[PDB]
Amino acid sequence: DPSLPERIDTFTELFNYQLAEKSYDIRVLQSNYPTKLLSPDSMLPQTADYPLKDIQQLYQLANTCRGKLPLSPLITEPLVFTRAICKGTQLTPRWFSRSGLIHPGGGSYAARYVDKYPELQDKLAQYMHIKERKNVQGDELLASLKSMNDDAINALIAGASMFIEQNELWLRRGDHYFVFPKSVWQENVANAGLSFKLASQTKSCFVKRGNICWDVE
């Protein structure tokens, strides 16, 4: 009687990938969304790189436009950003495409810049975190990315073999993810002799694939 890994393999071979209703090319995904613009952590204070003390001094240097900051190779880029805002220095779109994109206090440089200069919205939207971006008519990938919860988008960022997005199942095949609705995948789970729970629902995830904890029927 097949092992759990074997059934998962049997499970993915039940899908007709030519008939998937939605599919995305991972190369196109990477070229248009740098990982830092997808990571949920990017919206949070960047305490993995800067002490929370430095981040609060940056806000004070921002809010007052006076004040010194400790020096370091990395903080040089946020310092340029902060002073440019105070000095009224024009930062071009090229500057954002060449930057590390994420401000030390969480969020993107672009979103913060557009906050001061709201007319630059359309030029700098592509350098903003997806959580800072409005949905645009006919940008379904951005719509799909924005609707994912942390566990789902982190499985995407990890390039996981599969993951569940609400009621849709994302399956990786070559350079693409193929998206299938529950009306297709639920029966496939049963016909393969499987069951599953999400990583956030159970405490026991011994056979993990993306955000999915597989088990037998």
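One-based numbering along the sequence shown.
Here 28-36 and 59-67 are compared by their mean Cα B-factor, and 59-67 comes out higher. Two stretches are in play, 186-194 and 162-170, and the higher mean C-alpha B-factor belongs to 186-194. The top Cα temperature factor in the record, among 108, 99, 76, 90, falls on 90. Ranked against the other modelled residues of its chain, the C-alpha B-factor of residue 126 as given in the entry falls in the lowest third. For residue 41, the recorded CA B-factor ranks within the lowest third of the chain. Only modelled residues enter the ranking. The PDB entry assigns residue 115 a C-alpha temperature factor belonging to the middle third of its chain's modelled residues. Annotation for residue 84: C-alpha temperature factor in the middle third relative to the rest of the modelled chain, per the entry.
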